[PDB]
$ cat protein12.txt   # compact mmCIF, C-alpha atoms
# COMPACT_ATOMS: atom_id res chain seq x y z
CA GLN Z 28 -32.12 -54.21 35.65
CA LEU Z 29 -34.87 -52.22 33.95
CA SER Z 30 -37.92 -53.85 35.54
CA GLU Z 31 -36.39 -53.31 38.99
CA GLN Z 32 -35.71 -49.65 38.20
CA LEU Z 33 -39.30 -49.19 37.04
CA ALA Z 34 -40.74 -50.95 40.10
CA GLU Z 35 -38.67 -48.63 42.30
CA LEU Z 36 -39.92 -45.54 40.45
CA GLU Z 37 -43.43 -46.96 40.69
CA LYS Z 38 -43.08 -47.37 44.45
CA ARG Z 39 -41.56 -43.90 44.86
CA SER Z 40 -44.56 -42.47 42.95
CA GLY Z 41 -47.07 -44.21 45.22
CA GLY Z 42 -48.91 -45.08 42.00
CA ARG Z 43 -49.13 -47.42 39.03
CA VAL Z 44 -46.76 -47.08 36.07
CA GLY Z 45 -47.29 -48.50 32.59
CA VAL Z 46 -44.94 -48.34 29.62
CA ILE Z 47 -44.44 -49.63 26.11
CA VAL Z 48 -41.53 -48.86 23.83
CA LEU Z 49 -42.26 -50.36 20.40
CA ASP Z 50 -40.05 -50.59 17.33
CA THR Z 51 -42.40 -49.91 14.42
CA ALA Z 52 -40.23 -51.93 12.04
CA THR Z 53 -39.70 -55.09 14.09
CA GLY Z 54 -42.48 -55.09 16.70
CA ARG Z 55 -39.88 -55.54 19.46
CA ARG Z 56 -40.94 -53.97 22.74
CA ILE Z 57 -40.08 -53.03 26.27
CA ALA Z 58 -43.28 -53.52 28.32
CA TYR Z 60 -44.19 -52.78 31.93
CA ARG Z 61 -47.83 -53.36 32.94
CA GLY Z 62 -48.50 -53.43 29.19
CA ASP Z 63 -51.69 -55.43 29.66
CA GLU Z 64 -53.22 -53.31 32.45
CA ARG Z 65 -55.70 -50.47 32.05
CA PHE Z 66 -54.75 -46.84 32.46
CA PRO Z 67 -56.69 -43.63 31.83
CA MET Z 68 -56.06 -42.04 28.46
CA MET Z 69 -56.73 -38.40 29.45
CA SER Z 70 -55.63 -35.98 26.71
CA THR Z 71 -53.63 -38.60 24.83
CA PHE Z 72 -57.03 -39.63 23.41
CA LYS Z 73 -56.91 -36.41 21.31
CA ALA Z 74 -54.40 -38.13 19.04
CA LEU Z 75 -56.91 -40.88 18.32
CA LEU Z 76 -59.71 -38.32 17.90
CA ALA Z 77 -57.77 -36.46 15.23
CA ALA Z 78 -57.05 -39.80 13.52
CA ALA Z 79 -60.76 -40.61 13.47
CA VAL Z 80 -61.53 -37.17 11.98
CA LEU Z 81 -58.93 -37.69 9.28
CA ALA Z 82 -60.36 -41.13 8.53
CA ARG Z 83 -63.75 -39.46 8.01
CA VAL Z 84 -62.05 -36.93 5.72
CA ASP Z 85 -60.43 -39.78 3.79
CA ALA Z 86 -63.91 -41.31 3.34
CA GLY Z 87 -65.59 -38.12 2.12
CA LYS Z 88 -67.66 -37.76 5.29
CA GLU Z 89 -65.80 -34.75 6.74
CA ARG Z 90 -63.92 -31.70 5.42
CA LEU Z 91 -60.92 -30.13 7.14
CA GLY Z 92 -62.05 -26.70 5.97
CA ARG Z 93 -65.57 -26.97 7.34
CA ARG Z 94 -66.21 -24.11 9.81
CA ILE Z 95 -67.83 -25.00 13.16
CA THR Z 96 -69.57 -22.33 15.22
CA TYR Z 97 -70.14 -22.44 18.96
CA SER Z 98 -70.87 -20.15 21.89
CA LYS Z 99 -69.16 -19.04 25.08
CA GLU Z 100 -71.55 -21.37 26.96
CA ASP Z 101 -69.87 -24.35 25.26
CA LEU Z 102 -66.38 -23.62 26.58
CA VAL Z 103 -64.98 -25.96 29.23
CA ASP Z 104 -61.83 -25.84 31.41
CA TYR Z 105 -58.59 -25.53 29.47
CA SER Z 106 -59.78 -24.09 26.12
CA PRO Z 107 -57.00 -21.63 25.24
CA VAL Z 108 -57.72 -21.39 21.51
CA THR Z 109 -61.45 -21.97 21.26
CA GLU Z 110 -62.14 -19.32 23.90
CA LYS Z 111 -60.75 -16.78 21.41
CA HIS Z 112 -62.93 -17.69 18.42
CA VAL Z 113 -66.50 -17.71 19.71
CA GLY Z 114 -67.30 -14.93 17.26
CA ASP Z 115 -65.69 -16.33 14.11
CA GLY Z 116 -65.78 -20.11 14.63
CA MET Z 117 -62.94 -22.53 13.83
CA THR Z 118 -62.36 -25.00 10.98
CA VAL Z 119 -62.12 -28.72 11.62
CA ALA Z 120 -58.41 -28.46 10.91
CA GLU Z 121 -57.98 -25.59 13.36
CA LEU Z 122 -59.82 -27.62 16.01
CA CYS Z 123 -57.65 -30.69 15.40
CA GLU Z 124 -54.58 -28.49 15.65
CA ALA Z 125 -55.78 -26.80 18.86
CA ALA Z 126 -56.74 -30.14 20.41
CA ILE Z 127 -53.40 -31.79 19.76
CA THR Z 128 -50.99 -28.91 20.09
CA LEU Z 129 -52.52 -26.92 22.97
CA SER Z 130 -54.72 -29.69 24.41
CA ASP Z 131 -57.80 -27.53 23.83
CA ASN Z 132 -60.70 -29.32 25.54
CA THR Z 133 -63.60 -27.54 23.84
CA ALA Z 134 -61.93 -28.19 20.47
CA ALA Z 135 -61.85 -31.90 21.35
CA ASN Z 136 -65.50 -31.84 22.39
CA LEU Z 137 -66.52 -30.11 19.12
CA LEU Z 138 -64.65 -32.74 17.06
CA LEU Z 139 -66.10 -35.56 19.18
CA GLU Z 140 -69.56 -34.18 18.58
CA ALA Z 141 -68.95 -34.05 14.82
CA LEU Z 142 -67.86 -37.71 14.88
CA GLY Z 143 -71.00 -38.73 16.78
CA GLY Z 144 -69.70 -38.87 20.32
CA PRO Z 145 -67.41 -41.07 22.46
CA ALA Z 146 -69.22 -44.15 21.20
CA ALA Z 147 -68.43 -43.21 17.59
CA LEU Z 148 -64.73 -42.77 18.42
CA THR Z 149 -64.68 -46.17 20.15
CA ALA Z 150 -66.38 -47.72 17.12
CA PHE Z 151 -63.65 -46.26 14.89
CA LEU Z 152 -60.95 -47.84 17.07
CA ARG Z 153 -62.69 -51.22 16.93
CA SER Z 154 -62.78 -50.81 13.13
CA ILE Z 155 -58.97 -50.65 12.96
CA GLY Z 156 -58.36 -53.64 15.24
CA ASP Z 157 -58.17 -52.04 18.70
CA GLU Z 158 -60.38 -54.25 20.91
CA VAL Z 159 -59.43 -52.59 24.22
CA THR Z 160 -59.39 -48.79 24.05
CA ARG Z 161 -62.64 -47.11 25.03
CA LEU Z 162 -63.91 -43.56 25.26
CA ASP Z 163 -67.02 -43.04 27.30
CA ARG Z 164 -67.08 -39.41 28.44
CA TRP Z 165 -66.37 -35.91 27.15
CA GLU Z 166 -63.80 -33.36 28.23
CA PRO Z 167 -62.96 -32.78 30.99
CA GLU Z 168 -64.94 -35.46 32.81
CA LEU Z 169 -62.89 -38.19 31.06
CA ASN Z 170 -59.91 -37.10 33.22
CA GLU Z 171 -61.39 -38.37 36.49
CA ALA Z 172 -59.10 -41.46 36.41
CA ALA Z 173 -60.94 -43.15 39.26
CA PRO Z 174 -59.18 -46.32 40.48
CA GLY Z 175 -60.75 -49.43 39.00
CA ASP Z 176 -62.87 -47.40 36.56
CA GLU Z 177 -62.50 -48.82 33.03
CA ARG Z 178 -64.17 -45.82 31.40
CA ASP Z 179 -61.90 -43.79 29.10
CA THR Z 180 -59.00 -46.23 29.42
CA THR Z 181 -56.58 -48.10 27.24
CA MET Z 182 -53.83 -50.64 27.78
CA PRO Z 183 -50.31 -49.44 26.95
CA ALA Z 184 -49.83 -52.37 24.56
CA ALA Z 185 -53.08 -51.53 22.75
CA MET Z 186 -52.36 -47.81 22.51
CA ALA Z 187 -48.92 -48.52 21.12
CA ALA Z 188 -50.19 -51.01 18.57
CA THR Z 189 -53.00 -48.62 17.58
CA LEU Z 190 -50.51 -45.82 17.08
CA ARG Z 191 -48.36 -48.12 14.96
CA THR Z 192 -51.37 -48.90 12.77
CA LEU Z 193 -52.40 -45.24 12.46
CA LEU Z 194 -48.98 -43.71 11.91
CA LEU Z 195 -47.21 -46.45 9.92
CA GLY Z 196 -50.07 -48.71 8.75
CA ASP Z 197 -52.78 -48.09 6.17
CA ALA Z 198 -55.77 -47.09 8.30
CA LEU Z 199 -55.23 -43.53 7.04
CA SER Z 200 -54.30 -42.25 3.61
CA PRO Z 201 -50.68 -41.12 3.15
CA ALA Z 202 -51.86 -37.49 3.27
CA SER Z 203 -53.84 -38.01 6.49
CA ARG Z 204 -50.93 -39.95 8.01
CA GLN Z 205 -48.61 -37.00 7.34
CA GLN Z 206 -51.14 -34.50 8.70
CA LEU Z 207 -51.48 -36.47 11.93
CA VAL Z 208 -47.69 -36.64 12.35
CA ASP Z 209 -47.42 -32.92 11.57
CA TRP Z 210 -49.88 -32.01 14.34
CA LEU Z 211 -48.08 -34.25 16.87
CA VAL Z 212 -44.71 -32.71 15.90
CA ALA Z 213 -46.22 -29.25 16.52
CA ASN Z 214 -47.36 -30.15 20.06
CA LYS Z 215 -46.54 -27.34 22.46
CA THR Z 216 -47.28 -28.85 25.89
CA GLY Z 217 -45.67 -31.57 27.97
CA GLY Z 218 -42.19 -30.93 26.58
CA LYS Z 219 -40.57 -31.74 29.92
CA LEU Z 220 -41.80 -35.33 29.73
CA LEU Z 221 -39.89 -36.75 26.71
CA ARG Z 222 -38.70 -33.99 24.35
CA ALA Z 223 -36.35 -32.36 26.83
CA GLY Z 224 -34.45 -35.65 27.11
CA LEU Z 225 -33.74 -36.28 23.42
CA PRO Z 226 -30.86 -35.10 21.20
CA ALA Z 227 -31.92 -32.19 19.03
CA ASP Z 228 -31.57 -34.17 15.78
CA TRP Z 229 -34.18 -36.71 16.90
CA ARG Z 230 -37.66 -36.20 15.44
CA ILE Z 231 -40.62 -36.45 17.81
CA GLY Z 232 -44.38 -36.01 17.72
CA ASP Z 233 -46.15 -36.38 21.02
CA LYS Z 234 -49.24 -35.71 23.15
CA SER Z 235 -49.38 -35.57 26.94
CA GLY Z 236 -52.23 -35.90 29.40
CA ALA Z 237 -53.02 -35.19 33.01
CA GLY Z 238 -55.87 -36.15 35.33
CA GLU Z 240 -57.23 -36.56 38.81
CA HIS Z 241 -55.95 -39.21 41.23
CA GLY Z 242 -52.41 -38.19 40.54
CA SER Z 243 -52.35 -39.12 36.84
CA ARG Z 244 -49.96 -38.11 34.06
CA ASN Z 245 -49.10 -39.66 30.73
CA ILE Z 246 -47.55 -39.21 27.32
CA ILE Z 247 -47.61 -40.85 23.91
CA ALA Z 248 -44.99 -40.23 21.25
CA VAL Z 249 -43.58 -41.26 17.89
CA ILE Z 250 -39.81 -40.77 17.81
CA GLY Z 251 -37.53 -40.86 14.78
CA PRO Z 252 -33.88 -41.48 15.64
CA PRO Z 254 -31.38 -40.76 12.88
CA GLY Z 255 -30.87 -43.68 10.50
CA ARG Z 256 -33.39 -45.77 12.44
CA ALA Z 257 -36.98 -46.95 12.17
CA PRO Z 258 -39.40 -44.88 14.25
CA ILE Z 259 -40.28 -45.99 17.77
CA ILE Z 260 -43.55 -45.50 19.64
CA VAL Z 261 -43.33 -44.64 23.35
CA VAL Z 262 -46.34 -44.66 25.66
CA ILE Z 263 -45.94 -43.88 29.37
CA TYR Z 264 -48.61 -43.81 32.08
CA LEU Z 265 -48.77 -42.92 35.75
CA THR Z 266 -51.95 -43.06 37.82
CA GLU Z 267 -52.99 -43.23 41.46
CA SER Z 268 -49.75 -41.38 42.28
CA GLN Z 269 -49.26 -39.73 45.69
CA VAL Z 270 -46.62 -37.13 44.79
CA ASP Z 271 -47.31 -33.61 43.57
CA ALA Z 272 -47.60 -32.42 39.97
CA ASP Z 273 -43.91 -31.67 39.56
CA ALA Z 274 -42.83 -35.02 40.97
CA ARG Z 275 -45.28 -36.75 38.63
CA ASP Z 276 -43.72 -35.02 35.62
CA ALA Z 277 -40.30 -36.07 36.91
CA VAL Z 278 -41.47 -39.68 37.24
CA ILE Z 279 -42.72 -39.78 33.65
CA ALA Z 280 -39.51 -38.17 32.43
CA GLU Z 281 -37.26 -40.64 34.25
CA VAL Z 282 -39.34 -43.61 33.03
CA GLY Z 283 -38.90 -42.22 29.52
CA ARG Z 284 -35.17 -41.78 29.96
CA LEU Z 285 -34.70 -45.30 31.29
CA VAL Z 286 -36.88 -47.15 28.83
CA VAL Z 287 -35.62 -45.45 25.67
CA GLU Z 288 -32.01 -45.95 26.70
CA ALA Z 289 -32.72 -49.61 27.51
CA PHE Z 290 -34.48 -50.07 24.19
CA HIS Z 291 -31.63 -48.69 22.09
CA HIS Z 292 -28.81 -50.18 24.17
CA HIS Z 293 -30.22 -53.56 23.07
CA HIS Z 294 -26.78 -54.90 22.24

$ encode --input "protein12.txt" --output "structure tokens"
Amino acid sequence: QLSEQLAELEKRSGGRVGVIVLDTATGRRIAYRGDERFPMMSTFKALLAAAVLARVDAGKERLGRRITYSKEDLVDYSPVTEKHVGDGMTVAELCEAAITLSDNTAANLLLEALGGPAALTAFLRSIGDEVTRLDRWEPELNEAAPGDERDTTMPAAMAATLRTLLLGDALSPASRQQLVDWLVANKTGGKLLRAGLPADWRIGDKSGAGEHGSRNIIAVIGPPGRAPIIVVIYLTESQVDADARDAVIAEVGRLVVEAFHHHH
């Protein structure tokens, strides 16, 4: 059955696997290690953009505000921000770069505007997420040390938080649509879930990678004629190489989505 398939993939990986598939209309789920902690890595950028939009909703932030910065602020993996030292970038451009190209300096600039990792965590508490925590900046938050609860979530919490943000009322309708639009425009990690879906299925997603053999993805998927589903998949402490880790996430995603929809 499914749990046996996942345990076998987990043992082939040498690591820990966590998954939630959640029906946003019914709350029905497939869960595997749903109550354990895993590192968020770049999937936190989805929550960061949500927090920014919530500040916009409240009149405390402006998507057109231009932020300036220097070459000395750039960290690893900053493909967009490294091009705009001279002219700056708007909050919206930074949100877009952070989600769609996983730009790390863009995430750090938005985190700074919010007030830091503690301010993002306080936002998540404010919307009912008691578990998820951000402690560090990019790229240190990708360390994924075993047993380290910094910068982690639980799959069940991430999925429920995404349900609240994308289909609840924590954000205005306009901010909700903007957040979906950025996730739909994501350009990295397409091997992990998008490659496996029919072309008429809608998907917004954000992937992450880290040390200690870690890889993950979060997604909102709209099947035709169906309520959207939230998929969150984690792998950490894995012992296989980067390509095998991608393949593990992809096969988990194939199995769990099929199992969820073949609920007959």

$ atom_distance --input "protein12.txt" --atom1 "CA of residue 219 (chain Z)" --atom2 "CA of residue 106 (chain Z)"
21.0 Å

$ closest_residue --input "protein12.txt" --among "Z:62, Z:201, Z:254, Z:232" --to "residue 85 (chain Z)" --atoms "only C-alpha atoms"
Z:201

$ closest_residue --input "protein12.txt" --among "Z:195, Z:149, Z:285, Z:168" --to "residue 75 (chain Z)" --atoms "all atoms listed in the file"
Z:149

$ residues_around --input "protein12.txt" --residues "residue 265 (chain Z)" --least-positions-apart "2" --cutoff "8 Å" --atoms "all atoms listed in the file" --output "ChimeraX atom specification"
/Z:42-45,66,242-245,263,267-268,275,279

$ axis_aligned_box --input "protein12.txt" --around "region 171-182 of chain Z" --padding-each-side "8 Å" --output "JSON"
{"center_x": -59.0, "center_y": -44.5, "center_z": 33.9, "size_x": 26.3, "size_y": 28.3, "size_z": 29.2}

$ closest_residue --input "protein12.txt" --among "Z:258, Z:175, Z:67, Z:224" --to "residue 161 (chain Z)" --atoms "all atoms listed in the file"
Z:67

$ decode --input "protein12.txt" --residues "region 98-110 of chain Z" --atoms "N, CA, C and O atoms" --output "PDB file, in the first residue's frame"
ATOM      1  N   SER Z  98      23.435  47.181  -2.048  1.00  0.00           N
ATOM      2  CA  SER Z  98      24.764  47.232  -2.634  1.00  0.00           C
ATOM      3  C   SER Z  98      25.246  45.826  -2.967  1.00  0.00           C
ATOM      4  O   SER Z  98      24.645  44.806  -2.563  1.00  0.00           O
ATOM      5  N   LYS Z  99      26.334  45.787  -3.747  1.00  0.00           N
ATOM      6  CA  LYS Z  99      26.904  44.496  -4.125  1.00  0.00           C
ATOM      7  C   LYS Z  99      27.315  43.697  -2.888  1.00  0.00           C
ATOM      8  O   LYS Z  99      27.254  42.467  -2.896  1.00  0.00           O
ATOM      9  N   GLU Z 100      27.705  44.399  -1.821  1.00  0.00           N
ATOM     10  CA  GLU Z 100      28.140  43.776  -0.577  1.00  0.00           C
ATOM     11  C   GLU Z 100      26.989  43.136   0.188  1.00  0.00           C
ATOM     12  O   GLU Z 100      27.234  42.500   1.214  1.00  0.00           O
ATOM     13  N   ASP Z 101      25.753  43.259  -0.289  1.00  0.00           N
ATOM     14  CA  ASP Z 101      24.613  42.644   0.352  1.00  0.00           C
ATOM     15  C   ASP Z 101      24.252  41.324  -0.300  1.00  0.00           C
ATOM     16  O   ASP Z 101      23.467  40.559   0.268  1.00  0.00           O
ATOM     17  N   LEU Z 102      24.810  41.051  -1.476  1.00  0.00           N
ATOM     18  CA  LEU Z 102      24.407  39.892  -2.260  1.00  0.00           C
ATOM     19  C   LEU Z 102      24.939  38.618  -1.624  1.00  0.00           C
ATOM     20  O   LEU Z 102      26.122  38.535  -1.296  1.00  0.00           O
ATOM     21  N   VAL Z 103      24.083  37.604  -1.485  1.00  0.00           N
ATOM     22  CA  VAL Z 103      24.513  36.288  -1.031  1.00  0.00           C
ATOM     23  C   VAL Z 103      24.392  35.263  -2.170  1.00  0.00           C
ATOM     24  O   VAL Z 103      23.963  35.583  -3.267  1.00  0.00           O
ATOM     25  N   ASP Z 104      24.898  34.049  -1.908  1.00  0.00           N
ATOM     26  CA  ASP Z 104      24.772  32.928  -2.843  1.00  0.00           C
ATOM     27  C   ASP Z 104      23.377  32.884  -3.434  1.00  0.00           C
ATOM     28  O   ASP Z 104      22.383  33.050  -2.723  1.00  0.00           O
ATOM     29  N   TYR Z 105      23.311  32.634  -4.741  1.00  0.00           N
ATOM     30  CA  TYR Z 105      22.065  32.324  -5.429  1.00  0.00           C
ATOM     31  C   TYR Z 105      21.155  33.546  -5.462  1.00  0.00           C
ATOM     32  O   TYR Z 105      20.024  33.479  -4.976  1.00  0.00           O
ATOM     33  N   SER Z 106      21.620  34.626  -6.101  1.00  0.00           N
ATOM     34  CA  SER Z 106      20.885  35.894  -6.215  1.00  0.00           C
ATOM     35  C   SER Z 106      20.803  36.329  -7.675  1.00  0.00           C
ATOM     36  O   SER Z 106      21.318  37.390  -8.054  1.00  0.00           O
ATOM     37  N   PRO Z 107      20.120  35.546  -8.525  1.00  0.00           N
ATOM     38  CA  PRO Z 107      20.271  35.749  -9.980  1.00  0.00           C
ATOM     39  C   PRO Z 107      19.661  37.028 -10.501  1.00  0.00           C
ATOM     40  O   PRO Z 107      20.111  37.523 -11.545  1.00  0.00           O
ATOM     41  N   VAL Z 108      18.670  37.566  -9.808  1.00  0.00           N
ATOM     42  CA  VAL Z 108      17.986  38.787 -10.214  1.00  0.00           C
ATOM     43  C   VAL Z 108      18.565  39.980  -9.492  1.00  0.00           C
ATOM     44  O   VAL Z 108      18.933  40.968 -10.118  1.00  0.00           O
ATOM     45  N   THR Z 109      18.702  39.880  -8.165  1.00  0.00           N
ATOM     46  CA  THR Z 109      19.163  41.044  -7.421  1.00  0.00           C
ATOM     47  C   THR Z 109      20.595  41.399  -7.805  1.00  0.00           C
ATOM     48  O   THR Z 109      20.974  42.572  -7.753  1.00  0.00           O
ATOM     49  N   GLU Z 110      21.403  40.427  -8.240  1.00  0.00           N
ATOM     50  CA  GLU Z 110      22.778  40.792  -8.595  1.00  0.00           C
ATOM     51  C   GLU Z 110      22.840  41.694  -9.820  1.00  0.00           C
ATOM     52  O   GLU Z 110      23.906  42.265 -10.107  1.00  0.00           O
TER      53      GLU Z 110
END
